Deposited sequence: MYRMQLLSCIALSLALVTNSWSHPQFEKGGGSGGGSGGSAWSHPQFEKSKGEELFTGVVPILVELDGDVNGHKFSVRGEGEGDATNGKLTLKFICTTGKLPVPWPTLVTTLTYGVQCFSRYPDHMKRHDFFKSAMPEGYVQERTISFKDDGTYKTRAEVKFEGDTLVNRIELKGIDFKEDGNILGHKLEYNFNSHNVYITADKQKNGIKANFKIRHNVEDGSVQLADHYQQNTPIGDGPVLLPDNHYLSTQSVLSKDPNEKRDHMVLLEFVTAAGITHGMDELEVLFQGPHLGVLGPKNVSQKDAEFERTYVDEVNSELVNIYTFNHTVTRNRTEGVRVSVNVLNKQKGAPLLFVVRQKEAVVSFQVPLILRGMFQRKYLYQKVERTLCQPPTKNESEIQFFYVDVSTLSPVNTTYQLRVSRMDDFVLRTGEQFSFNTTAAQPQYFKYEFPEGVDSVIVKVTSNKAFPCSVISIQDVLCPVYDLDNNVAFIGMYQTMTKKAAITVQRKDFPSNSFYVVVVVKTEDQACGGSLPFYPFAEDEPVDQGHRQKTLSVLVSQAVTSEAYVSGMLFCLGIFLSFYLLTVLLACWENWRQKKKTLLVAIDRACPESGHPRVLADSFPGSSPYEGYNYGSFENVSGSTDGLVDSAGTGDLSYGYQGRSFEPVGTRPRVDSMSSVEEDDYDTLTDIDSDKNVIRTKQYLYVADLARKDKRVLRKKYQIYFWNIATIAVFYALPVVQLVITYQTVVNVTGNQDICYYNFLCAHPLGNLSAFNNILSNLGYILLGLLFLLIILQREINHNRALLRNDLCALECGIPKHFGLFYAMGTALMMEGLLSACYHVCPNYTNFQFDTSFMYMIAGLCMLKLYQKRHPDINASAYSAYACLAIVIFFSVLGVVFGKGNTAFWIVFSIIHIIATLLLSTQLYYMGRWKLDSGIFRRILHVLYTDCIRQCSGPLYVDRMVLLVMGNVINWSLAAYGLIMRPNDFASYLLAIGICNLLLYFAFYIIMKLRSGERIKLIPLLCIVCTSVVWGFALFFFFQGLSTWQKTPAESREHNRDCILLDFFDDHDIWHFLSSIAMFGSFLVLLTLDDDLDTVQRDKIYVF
């Protein structure tokens, strides 16, 4: 009936043969495999002339598996789009060997149903690059039709490694997958996401793996290039080739470099543990040293937090079980896993807010007890002299700091677009509290009927959510928000003229100029999130009001003391550092995960903490400093009779 040509073929040679409906070509390949060196093989097939009617069918038959594909290989698109690839390459799947040395045979089948003759080239090339080694970078080319996977074996004494792959050009989109060594290997667009840890990639992709997951002490690093870039977030093709005719691709190639490096040891966990406690417990012993010197000488939070916890549990469990690392916007280069937490470093860094808020609450309680005891002594200075001492708002600030730490840690177990508000929101409220804490301090009577906290929180939370949800700037909602910032600056000027002096006038004048300068950034439209900017503008406005109050106090003749000045300088320095690290942070939740991975950076401090972690440490130190400045700013006034002159 049909003539079949069973021919013996050497390994590394390009075989150009003709096949039609009558002919079937059989290739027999014999190779020697060894347990010590794995060395997987790669089958390359190219169809020189395109057969529109019937594709050429290739079958690769091994001892324990069969891989079959059709060339030209037609792949799916997002909207009924077919992409045609005339070169297909696949690495053959090699099962583990029981003996020491084998002589294994695998047969390649070539056949077609098209009556006309079609020519092809078939070359099976041995891969000496199959095994990956620690600290060695391999650059290779892969295409949607040619997927490449490599094997890494765990060196003795290594319990976890990170698989980082970098590309010079963002596109085409790709999916790096880490799979156990149990054959077959899922290196196709349809089954790549079936098992293992996978994440889309444009320029960077880092996956941490551990020996406990893989009993065989080895894994496969499978890289599959997506046909379309929409998942990576780049662009959506809308033209290509119309209707049934498949688009011709294959000119799109992705060049990558896999580097498998040993993950940080348990020493970094201990050193990070000690650094976190050591810095903030230094403040604890410092204030006890400060206290001992003096003695010898003389609901909204809970409502905010519950959905946070629910989202935490569900999302972290989903990421752990499914392996879809695209869900959480971690810093995969610096994310360090402990138990079920993929990013322990961020949560650990969030301990600064908690500890410093607790310490500030203790300081407030001590001051309140001392003031109450002084009142019990019926001292005239405590009763009727100095700025009215109100500790409850200070308690609110301390509780706000502690709960900001809690909420930000709960957010940072899995930073994700569905949680961006949870980090930045309490920070603006604490700033919004430090805002008008001074105003209440100088004008306690105005605070009697203030009714401002709920309004401020509602305003900021409304502003910081729907604008992001609806869009990222429709050329430009963020320019509209810059106009809103301008009218807010006008409202600040309106508050100014309601408040008297030429120096005050000019001070708020360059305050408005500073706000507009910031509004320019709010132009070239807020590339990041308002969430970050609201905190930034709020903190900048808070520092401006700080300076306003200080210049007021110096102008009125009230002299700032040594402790307020030292706290002021420390707060400024630390605020500046915090701002620098806050500014360095960019992207994250707003961008797509593949585009978000591009900005990821390695660890900076102690091989454990990233830039954001440093921001958490610094912010808490700065905010503690701000609270302390507020606590001690009017100390000079307290030691003297209440001012006869009307309040500023």
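Student: What's missing from the model if you number the deposited sequence from 1?
Tutor: In sequence order, the gaps with no modelled C-alpha are 1-296, 595-726, 928-955.
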